[PDB]
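Chemist: The listed protein sequences derive, respectively, from chains A, B, C, D, E, F and G. Just so you know, my numbering puts 217 at position 217 of the first sequence, and the rest follows in order with no gaps. Each number in my numbering comes from the position in the second sequence (counting from 1) with 459 added on. Each number in my numbering comes from the position in the third sequence (counting from 1) with 918 added on. Each number in my numbering comes from the position in the fourth sequence (counting from 1) with 1518 added on. Each number in my numbering comes from the position in the fifth sequence (counting from 1) with 1634 added on. Each number in my numbering comes from the position in the sixth sequence (counting from 1) with 1691 added on. Each number in my numbering comes from the position in the seventh sequence (counting from 1) with 1860 added on. Here's a structure for you.
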Amino acid sequence: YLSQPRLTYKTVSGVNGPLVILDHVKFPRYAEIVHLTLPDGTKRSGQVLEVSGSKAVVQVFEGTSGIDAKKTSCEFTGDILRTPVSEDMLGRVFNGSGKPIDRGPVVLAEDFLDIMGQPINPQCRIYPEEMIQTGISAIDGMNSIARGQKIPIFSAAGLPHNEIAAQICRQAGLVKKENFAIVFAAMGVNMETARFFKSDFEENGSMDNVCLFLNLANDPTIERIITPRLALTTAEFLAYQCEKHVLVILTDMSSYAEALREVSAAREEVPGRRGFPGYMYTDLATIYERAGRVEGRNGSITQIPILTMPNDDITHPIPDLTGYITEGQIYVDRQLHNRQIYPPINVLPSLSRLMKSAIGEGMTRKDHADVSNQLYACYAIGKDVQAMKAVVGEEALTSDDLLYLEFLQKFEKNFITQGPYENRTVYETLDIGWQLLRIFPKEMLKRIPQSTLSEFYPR
Amino acid sequence: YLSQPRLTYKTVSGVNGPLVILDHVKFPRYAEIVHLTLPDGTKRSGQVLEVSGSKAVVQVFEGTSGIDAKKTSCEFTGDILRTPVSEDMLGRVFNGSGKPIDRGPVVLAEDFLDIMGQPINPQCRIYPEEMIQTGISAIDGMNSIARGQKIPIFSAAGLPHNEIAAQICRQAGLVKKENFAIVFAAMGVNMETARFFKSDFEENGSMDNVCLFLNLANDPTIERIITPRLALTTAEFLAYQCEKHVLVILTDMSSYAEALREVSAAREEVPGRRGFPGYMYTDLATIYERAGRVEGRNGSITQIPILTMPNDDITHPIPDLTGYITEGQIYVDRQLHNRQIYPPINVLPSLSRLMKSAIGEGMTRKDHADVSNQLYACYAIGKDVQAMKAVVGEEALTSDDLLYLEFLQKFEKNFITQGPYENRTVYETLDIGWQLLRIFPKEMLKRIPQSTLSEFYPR
Amino acid sequence: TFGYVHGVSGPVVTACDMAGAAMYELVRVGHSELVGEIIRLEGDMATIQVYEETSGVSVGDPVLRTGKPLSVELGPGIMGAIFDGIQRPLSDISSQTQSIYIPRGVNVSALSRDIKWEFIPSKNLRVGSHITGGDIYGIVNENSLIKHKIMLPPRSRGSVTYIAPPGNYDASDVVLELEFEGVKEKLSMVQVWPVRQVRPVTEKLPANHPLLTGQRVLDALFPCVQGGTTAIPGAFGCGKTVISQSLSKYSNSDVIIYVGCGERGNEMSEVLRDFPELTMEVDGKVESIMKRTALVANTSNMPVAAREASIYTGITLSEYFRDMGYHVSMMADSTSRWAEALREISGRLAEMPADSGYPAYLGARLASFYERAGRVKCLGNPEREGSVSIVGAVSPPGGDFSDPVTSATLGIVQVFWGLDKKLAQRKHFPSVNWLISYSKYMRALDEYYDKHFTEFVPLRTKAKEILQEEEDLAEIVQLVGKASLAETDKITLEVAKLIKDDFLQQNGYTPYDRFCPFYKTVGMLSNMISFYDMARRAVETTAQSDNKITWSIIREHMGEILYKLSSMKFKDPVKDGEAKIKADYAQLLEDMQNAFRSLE
Amino acid sequence: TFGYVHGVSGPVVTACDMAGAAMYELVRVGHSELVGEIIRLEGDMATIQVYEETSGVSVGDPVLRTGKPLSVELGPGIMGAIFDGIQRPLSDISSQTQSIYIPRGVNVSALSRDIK
Amino acid sequence: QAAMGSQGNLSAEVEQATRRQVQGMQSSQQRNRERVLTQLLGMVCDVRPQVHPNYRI
Amino acid sequence: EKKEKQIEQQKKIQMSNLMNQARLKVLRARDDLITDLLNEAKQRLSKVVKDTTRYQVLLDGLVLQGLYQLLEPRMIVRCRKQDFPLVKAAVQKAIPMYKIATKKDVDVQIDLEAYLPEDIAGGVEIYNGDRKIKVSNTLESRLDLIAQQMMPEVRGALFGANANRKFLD
Amino acid sequence: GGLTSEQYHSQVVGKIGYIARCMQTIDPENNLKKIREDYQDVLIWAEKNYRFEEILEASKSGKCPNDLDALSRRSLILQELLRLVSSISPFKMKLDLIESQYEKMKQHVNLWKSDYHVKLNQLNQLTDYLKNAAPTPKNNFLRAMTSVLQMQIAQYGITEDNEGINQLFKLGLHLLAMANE
């Protein structure tokens, strides 16, 4: 432990954007934390982004407005940013920087965990093979989640992604036919969304078992950089030390990526596409990759990041890099929300990389993979038929195309469309899948092998 | 000659990518050559890119890995880069820097020539008018090459520009109403391509009249800045002093331009389009403009650069500036290559600016210009008609449009398509063009005068 | 000996008092001694890309100088191991720390010095014999598959003075002794090679033998060759990692290195879970492919600067096992991640960028990396031939191939298996886009095809013609409708659909199509192409008749035959023997001919 | 009278001791007296755009100073003349040097003084 | 079987040509060796120190 | 017929290889003769060094030439221990001429603690004060600097002019 | 030559040493007069003792054969012949047959493509498996068939078209590949 009296420097040299460029620092440490007493007594925090001799560039989390040159005082904590973590964090509400905002006491730490975490040794990382029964048909039957997955919800402004995430929270559970401790971290969200999620976890009895980090739209921008890391540090304490099964939700990774862009633009770092920093892949990886099971420890961390595709464009750097990093994406579609389908999940661009082992014989049922693949194929062909009928019209379609159109209609009506409080078991979802695939003769279900068709098709 | 002893400096002040900045240099000379003994005894060489007082920025050819301050000894030669040239450089394989890699001895200098060449007075640069019969109909019949011309082969990743270049090299010769010496500057070419060219020149038994400067892909990437200049210096020696007819094949001006961009970005000059140096036009001009003939001399230099256009974009600075400088371009087209048409030369975006004076009565044939113009016009109208067919269906096509599409198909099939080892003389190319223009009635062949239609059409 | 850290800005660090430190020398930064590599050297200050997170490093920290470049310990104990970017064994770290993390600056050795390996010296060597780089002076029975040939290092030569008797030696034991110019060199079983320097070869032969994947669209339309360079550009979710892992599981390459460069962490555990259970039969005995697979993992969130080290270490290990005479195959799980690492380091250096921020030397780096791939005639006296195939997946941002990394990589590589997000979405896996993809080895390979699988060359030519014709018809059909199609054009469309659905797409996660032997592939294509030929003959020979045969009549008459052509894929090569599969395909051909004769 | 070459970078020379030099004034750079035009001034250092290949210019080379801007001779002899970009007669250079090359720093009067 | 004599003959032929050339070059070298060496050594021994022309003061 | 054509092309490639070997071998013999000439020159210089008087006159010029090439205020002359008296005389005679010609003050020391290898033919290597700049004026260095420049003359003299080189411009 | 000059010349002397070793192993008696006569210019540097540095200097000066293409081709011919004679170890061949095989190999265009090389590879699969295999019925049968095959090759040679050897190759390889159980 650090037994030395920390140094307080009033030697600010320059201030520029979110950066206070301190001078005459003695043995500065990169990534060290600094506590800034402004002239008027207001206290802020900052992270040393760069050290050069006796200089130290402190990126202030709350912003540099009001910072003086001769009067601001900066005490150097001598240590990287550490979060106090204890199981008591379950059932609390903290703000973006981990300070309680529920009129409870500051966390009485069980440990002081580095906010940045450490990468799990890929040799001792255990592959997620246990299925979460989210209850959503569009997920369980066709994008099955595994306990330990990074599977964000790709959505857009105004879409139901909040409702889908809350539903997944309330009805997520293993397909054994234990409760998830939830760590939620909202960034740049509006008070409406903060109230929505808090009131949901209270409407359920879950709030006793939920930890919330809140960084509202009016809260500091630079603090959204550390809010995900606080949440995931708490999740890692719970999962890899307390052996909880933790579900981590990170709301508006878009409002995180924009904070990252602001910091990188202030630093004038090399930009990627559409202005975002060059290392956004690495940074979003540092966030997302803090998920999955581990060897010898019974806990897990299931992430469901929620990010608003800007202009509904999946190629935008945020969704693109999140798709590269994460093990899937559940796609929320305006073209379904406009038709008032809930959940408006577009299975066709949805994906779940760990389905391939979360489903099969043993866990869930042995027709799961065949049904999923054939539903995907039939849905794609139904979209093709819809596209062509707009050109040629109904009068020029063959009976096979009409079969595909009927399948598409009944598939969105019965399979996708679902009650916001309805928990369909994987078996109910698969039975619906078969009731839809029976629209077709065996010969047009070209994915399913005959050993599966002759066993499940007739019923 | 230089008698005064050379100065060796252990004065290296910096190392930065391809550069090595020296300080305390006595009266530095711009473009001077330096020999660097590394700490381990490995000897490299560099060219001074600029001097400022006592400083000198030595762009090292063999890369700067392993170089260090305080122990790398830079010996200043006191003279600009003069290469040894001898006629017996024919039948040799040199690396990019002009050092043997055929296990023969180093060149015994018949003379020493500055590799930056010496500008030829425009008053006495003869205008080339002798057609080179490349044997490829898509060149001879519509983009003919005069002996003394610069005519790059614009191509793209994956196309057979190497095959086209080799065919030109082994088939080129003056029209028979004299043999060539090849100088082949490979830059950034993979071992597959280098071995292909070397094996082809051995297979056709021409090696006694070939001189290769191979800078492979795995060779140092600054060395290809001097490789083409070495090749052109040898070609100028053989042509304007040994009276030979020299054909120069520069393999990837895109690789050379990327070497330029690397040096420029290391120097931190103000960058031009797409990150290339602003002076790339002049620096490519100093490479291309060394073709041609001169008064008094009987020798000549034909020059055929090869360009890999990034993203098939002809607007890219490399091909754009090379088109501004050189007298035409032979454009290899990915679409024709995909449709399996060799050579993929697309006759629409390719032109040879000296064809007009190289062709005609008493040189190839009376009808050459008319046939080339009419083939070009018919091909362009056929491309437009094909684009219409693709949009509104074939039933809207008149008899004229159907004739144009028949011509287009048979033109790509009979006139462009050619065996790699088949060398169609200019006359056979012209007759294979007449057989195609015969598809149209004389009233549609507008660009051919009646006085030639009456003579050549009916046969 | 020591420099002092002068500044920290990320992966880049600047150090005082580094007077004569060479470019790309290897240094230890900090009290934890994070490894790092010098990349600029200004004044007496060196700039260092640290291969481990620098958070916590402070000005004044030591920067110890090791006078050696980034190098790997090549020796026994590689196969079946998983290494981090700079060749620290992750299993050894886990055993030593008994913790689930990679402590910063852990210094565990790359190869165990405690395991006793059986050593059988080359019988002909004796004290006094002349020996040169690449010469094999013994063999280690590392495991059942890999007879690990110990070789003199390149750049080592001389007269032998002691060759260790056959027996059990640990990696630190002196196994050979030689002398040159009177200077005496002791050689253990382990050599050290700088990862940035090409391991020399006597010659680089043409690539002339195919690298059989399990994937039909790859083996048939776009072949790669042992010693060939390949790329797999595709947007996220197009299955490039699955193609790489299937090529790693099932291929005719004696050794495989999977270089895990900056991609998802769970995939290395996927490999470590799957490969031990996957087995290949050798000498009638089943052996796990992990015995011939080696892994280098630098997942996305592990230090960025180490992705470059991961790539170079992978290619160096592959070159080592190529020097043994093996046909190694290296899978670079994403070279765009390494390109992004170069971009980030360049930004920290404040260099002028090329397109989209990449350094001007990105093309040169990619070229020098891919150029280490050819089939070679290995160094040393026992004449050996090996290979290092390279399969570098590319992760173009936004799923477009105008990306600078993909543009360069396609300028460098010889095979391009472009993947299509619109096929991945439909689940048309493998998502190879058959129109833009290509393989420049299709000529070099015909010498092999025309004597092992004679008919396959014309079969492939006609298949590609069919698909191109269907592509041409797609635009007309979309804008005009199917009503205008000729009767032969209907057959082209429908047989193209048959090839797409039942020859090209191959579900790699099923017993019947995880691996599709080449005999199965060529037989399947023969059946489909033969159906195409007979259908066109039937339509063309009766189009002038009053009793015209039409695609509708064929479809109605041959529902069983079309479904059999669609079910050909389901045949299981191990549950159903080669003999049964070939017999069944011939029987389907007979059925098709019978039905055509009975229809016309 | 004259300055000295203080640096070189392609055509952009830099000369010290150019105290009173004027913008776009002509200078002779090097011992071969390559023509150059002052394009910038900084203190007593003048940056020069050199009109001939500078490869070989070295620090310390004299930079002679001519008090006139880039100028063209106008008079008898222009008609039928073929000029370089800066008024050098190419045909007369050829007839004088009896060579097919332009010597670096070749200085021949633009309009022949020997014609009556 | 008869044509193998093609190499059997031309190998000896080209060797003979090389031998003639490697005698011609040696004879010319022996004719001009000394008078080249005297010039080379005299030019080495002729030192003539000089300062760099750009030197001032 | 294609087999026969391929055999004829094998004759083509093999004769090309044989001719390439012949050409490179005659070239290598020529280069070996050049190397023999340069070795003879090296031996002749080693003999000239034996004649002390002419060696003294040569060292005077070598030392003064090094001093002129450096133009430093402090310089260190490194020589073979065998030559130390002669190098001392050369430096003692060079200092006055250096001062008169350059108008610069100079301090020239001899590197008594570190001599050149005795294998050296002769000459001197002059370092600036801090030994970061060297001018090499060993007889081997002069011989190489001169010979590599004179190769065209040596080629023309030993092996005659090139008939095909119709112009020297 | 794609190697550095130093590495190239060390490779040349390595090849000379390896040719010497292969000759000394295949013919410890010095009986293969034709082969030794052909390899005189490379064998001399070992039949007369030299140091590595001496042979390297001679390679650099061109006194030894110093063309790695020729040395590699010749060493490969000798290596394959040694592989044959060693894989036939218990059934030493006739000297006339050995010399005929050597000539057949020498005249081949490219040994690595050779049917001879493939046959030797198959024989080596068998021999290397049997060098370790335990005496289970499969391995006893392979030992018997492989000994018969080695004896037959000792009489007929792998450069010939002997159908007995061909069929035994096929059948023994099938026995090897067939599962143990």
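Here a beta-carbon is modelled for each residue, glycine too, at the ideal position from N, C-alpha and C.
Check whether the Cβ atoms of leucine 481 of chain B and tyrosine 489 of chain B sit closer than 7 Å, and answer yes or no.
Modeler: Within the second sequence, numbered from 1, the residue matching residue 481 of chain B stands at position 22. Within the second sequence, numbered from 1, the residue matching residue 489 of chain B stands at position 30. Against a cut-off of 7 Å, the Cβ pair of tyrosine 489 of chain B and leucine 481 of chain B comes out as no contact.
Chemist: Could you tell me which of A:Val385, A:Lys442, A:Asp333 and A:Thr452 sits nearest to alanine 138 of chain A, measuring between CA atoms?
Modeler: Along the first sequence, one-based indexing puts residue 138 of chain A at 138. Residue A:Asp333 is the option with its Cα nearest to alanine 138 of chain A.
Chemist: Is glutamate 727 of chain B close to chain C? Criterion is C-beta to C-beta, closer than 7 Å.
Modeler: Position 268 of the second sequence, counting from 1, holds the residue named residue 727 of chain B. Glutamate 727 of chain B counts as touching chain C.
Chemist: Sort B:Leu633, B:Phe660 and B:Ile623 by Cα distance to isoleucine 641 of chain B and report the nearest one.
Modeler: For the purposes of this step, residue 641 of chain B is identified with residue 182 of the second sequence, where counting begins at 1. The shortest Cα separation from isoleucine 641 of chain B among B:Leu633, B:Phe660 and B:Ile623 belongs to B:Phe660.
Chemist: For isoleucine 560 of chain B, which residues in chain G fall below 8 Å Cβ to Cβ?
Modeler: As a first step, residue 560 of chain B must be located in the second sequence, where it is residue number 101. Within 8 Å Cβ-Cβ: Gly1861 and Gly1862.
Chemist: Mind reading off the beta-carbon distance from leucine 1955 of chain G to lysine 1875 of chain G? Whole number of angstroms is fine, and I expect it under 8 Å.
Modeler: Within the seventh sequence, residue 1955 of chain G is the residue found at index 95, counting from 1. Within the seventh sequence, residue 1875 of chain G is the residue found at index 15, counting from 1. With 8 Å as the limit, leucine 1955 of chain G and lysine 1875 of chain G do not qualify as a contact, their Cβ atoms being about 26 Å apart.
Chemist: If we ignore side chains and look at the alpha-carbon of each, how far apart do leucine 1729 of chain F and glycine 998 of chain C end up?
Modeler: The count along the sixth sequence starts at 1 and reaches residue 1729 of chain F at position 38. The count along the third sequence starts at 1 and reaches residue 998 of chain C at position 80. Near 58 Å, if we compare the C-alpha coordinates of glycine 998 of chain C and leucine 1729 of chain F.
Chemist: Within this structure, are the beta carbons of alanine 1906 of chain G and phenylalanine 1951 of chain G separated by less than 7 Å?
Modeler: Stepping through the seventh sequence from its first residue, residue 1906 of chain G is reached at position 46. Stepping through the seventh sequence from its first residue, residue 1951 of chain G is reached at position 91. Cβ atoms of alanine 1906 of chain G and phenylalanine 1951 of chain G: not closer than 7 Å.
Chemist: Have a look at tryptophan 1352 of chain C and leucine 1139 of chain C and give me their C-alpha separation to the nearest angstrom.
Modeler: To locate residue 1352 of chain C, count along the third sequence from 1; it is residue 434. To locate residue 1139 of chain C, count along the third sequence from 1; it is residue 221. Taking the straight line from one Cα to the other gives about 8 Å.
Chemist: Does DSSP classify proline 441 of chain A as helix, strand or coil?
Modeler: Sequence index remark: in the first sequence, residue 441 of chain A carries index 441 (1-based). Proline 441 of chain A: coil per DSSP, three-state reduction.
Chemist: Determine the direct distance from the alpha carbon of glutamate 1914 of chain G to that of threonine 1147 of chain C, and round the result to whole angstroms.
Modeler: Residue numbering aside, residue 1147 of chain C sits at position 229 when the third sequence is read from its first letter. Residue numbering aside, residue 1914 of chain G sits at position 54 when the seventh sequence is read from its first letter. C-alpha separation (whole angstroms): 42 Å.
Chemist: So, is the C-beta of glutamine 463 of chain B closer than 7 Å to a C-beta in chain D?
Modeler: Residue numbering aside, residue 463 of chain B sits at position 4 when the second sequence is read from its first letter. It does not; no Cβ of chain D falls within 7 Å.
Chemist: Quick one: what does DSSP say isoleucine 1479 of chain C is sitting in, helix, strand or coil?
Modeler: Counted from its first residue, the third sequence places residue 1479 of chain C at position 561. Helix at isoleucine 1479 of chain C.
Chemist: Are the beta-carbon atoms of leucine 944 of chain C and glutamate 991 of chain C separated by less than 7 Å?
Modeler: The sequence position of residue 944 of chain C within the third sequence is 26, counting from 1. The sequence position of residue 991 of chain C within the third sequence is 73, counting from 1. Not a contact, by the Cβ cut-off of 7 Å.
Chemist: Here's the rule I'm using: 16 or more other beta-carbon atoms within 10 Å means buried, otherwise exposed. How should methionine 191 of chain A be labelled?
Modeler: As a position in the first sequence, residue 191 of chain A is number 191, starting the count at 1. Per the 10 Å Cβ criterion, exposed.
Chemist: Flag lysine 1772 of chain F as yes when its Cβ comes closer than 6 Å to any non-hydrogen atom of the ligand FMN, and as no otherwise.
Modeler: The ligand FMN is not among the ligands present in this structure, which contains no ligands whatsoever.
Chemist: Using the three-state DSSP reduction, which class does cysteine 701 of chain B fall into: helix, strand or coil?
Modeler: The residue labelled residue 701 of chain B in the question sits at position 242 within the second sequence. The answer is coil: DSSP assigns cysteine 701 of chain B none of H, G, I, E or B.
Chemist: Write down the C-beta distance between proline 1348 of chain C and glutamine 1163 of chain C rounded to the nearest angstrom, noting that I regard them as a contact closer than 8 Å.
Modeler: Residue mapping note: residue 1348 of chain C aligns to position 430 of the third sequence, counting from 1. Residue mapping note: residue 1163 of chain C aligns to position 245 of the third sequence, counting from 1. Actually they are not in contact, since the Cβ atoms of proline 1348 of chain C and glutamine 1163 of chain C sit about 12 Å apart, beyond 8 Å.
Chemist: Note down, in chain order, each residue of its chain lying with its Cβ closer than 6 Å to the Cβ of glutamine 1605 of chain D, except the 5 sequence neighbours on either side.
Modeler: Locating residue 1605 of chain D in the fourth sequence gives position 87, counting from the first residue. So the qualifying residues of the chain are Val1590 and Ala1628.
Chemist: Whose CA, out of C:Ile1409, C:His1346 and C:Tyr1437, lies closest to the CA of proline 349 of chain A?
Modeler: Position 349 of the first sequence, counted from the start, is the residue given in the question as residue 349 of chain A. Here the closest residue by C-alpha is C:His1346.
Chemist: Are the beta-carbon atoms belonging to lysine 1203 of chain C and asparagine 1061 of chain C less than 7 Å from one another?
Modeler: For the purposes of this step, residue 1203 of chain C is taken as residue 285 along the third sequence, with counting starting at 1. For the purposes of this step, residue 1061 of chain C is taken as residue 143 along the third sequence, with counting starting at 1. Cβ distance not < 7 Å, so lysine 1203 of chain C and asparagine 1061 of chain C don't count as in contact.
Chemist: Provide the residue span of the alpha helix (DSSP H) that contains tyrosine 324 of chain A, from first to last.
Modeler: By 1-based counting over the first sequence, the position of residue 324 of chain A is 324. Looking at the DSSP string, the run of the alpha helix (DSSP H) that includes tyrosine 324 of chain A is 317-325.
Chemist: Which chain D residues are close to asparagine 1688 of chain E, counting only those with a beta carbon under 7 Å from its beta carbon?
Modeler: Residue mapping note: residue 1688 of chain E aligns to position 54 of the fifth sequence, counting from 1. Under the 7 Å cutoff, chain D gives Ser1576, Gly1578 and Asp1579.
Chemist: Return helix, strand or coil for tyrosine 1244 of chain C, following the three-state DSSP convention.
Modeler: In the third sequence, the residue the question calls residue 1244 of chain C occupies position 326. Coil, per DSSP.
Chemist: Which value, in whole angstroms, describes the spacing of the CA atoms of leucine 1260 of chain C and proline 1277 of chain C?
Modeler: On the third sequence, residue 1260 of chain C is found 342 positions in, with the first residue counted as 1. On the third sequence, residue 1277 of chain C is found 359 positions in, with the first residue counted as 1. If you take the alpha carbons of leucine 1260 of chain C and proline 1277 of chain C, they lie about 7 Å apart.
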